[PDB]
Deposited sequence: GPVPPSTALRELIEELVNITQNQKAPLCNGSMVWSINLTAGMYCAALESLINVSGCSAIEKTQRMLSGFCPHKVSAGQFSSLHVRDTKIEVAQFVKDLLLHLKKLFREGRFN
């Protein structure tokens, strides 16, 4: 349901994305919807990712603020939002199976 919709949205948006805006690479493990949400929350002025952020906020209802981290521990590799969505898309389709 919401998980298919989240995958649908990520494919829907990868058909550039947040041009000039880099996000942190996410360690995709134990239902890390919070880690994905923490990585994207630092993107400013991008209408294209709003739905994904709201959808992710549905799965992770905890307080998540821009700049402040709790879920994220692996802060080293910085990527394009397109690359991040493609990395999130690989993990999300693995959980769906």
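A.B. asks: Without any C-alpha position in the structure, which residue ranges of the deposited sequence would you list, numbering from 1?
C.D. replies: Gaps in the modelled chain, taken against the deposited sequence, lie at 1-6, 22-25, 108-112.
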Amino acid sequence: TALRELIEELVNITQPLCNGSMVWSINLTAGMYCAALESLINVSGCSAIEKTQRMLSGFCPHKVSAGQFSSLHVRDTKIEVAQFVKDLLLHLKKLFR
From here on, numbers count along this sequence of modelled residues.
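Take the two forms, superpose them, and find the largest set of C-alpha atoms that agree within 1.5 Å; that set is the rigid core.
A.B. asks: Which stretch is less alike in 4 other deposited structures of this protein, 6-14 or 77-85, counting RMS CA distance after the rigid core is superposed?
C.D. replies: Farther from the shown form on average in 4 other deposited structures of this protein: 77-85.
A.B. asks: May I ask whether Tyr33 is missing from the deposited models in at least a third of the other compared entries?
C.D. replies: No: coordinates for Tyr33 present in every compared entry.
A.B. asks: Among the other entries of this protein that were compared (only those with both neighbours built), does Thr52 lack coordinates in at least a third?
C.D. replies: In none of the comparable entries (those modelling both sides of it) is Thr52 left without coordinates.
A.B. asks: Higher mean Cα B-factor in the deposited model: 59-67 or 39-47?
C.D. replies: Higher mean C-alpha B-factor in the PDB entry: 59-67.
A.B. asks: Would you determine, from the values in the PDB entry, which of 68-76 and 29-37 has the greater average C-alpha temperature factor?
C.D. replies: Averaging CA B-factors over each stretch, the winner is 68-76.
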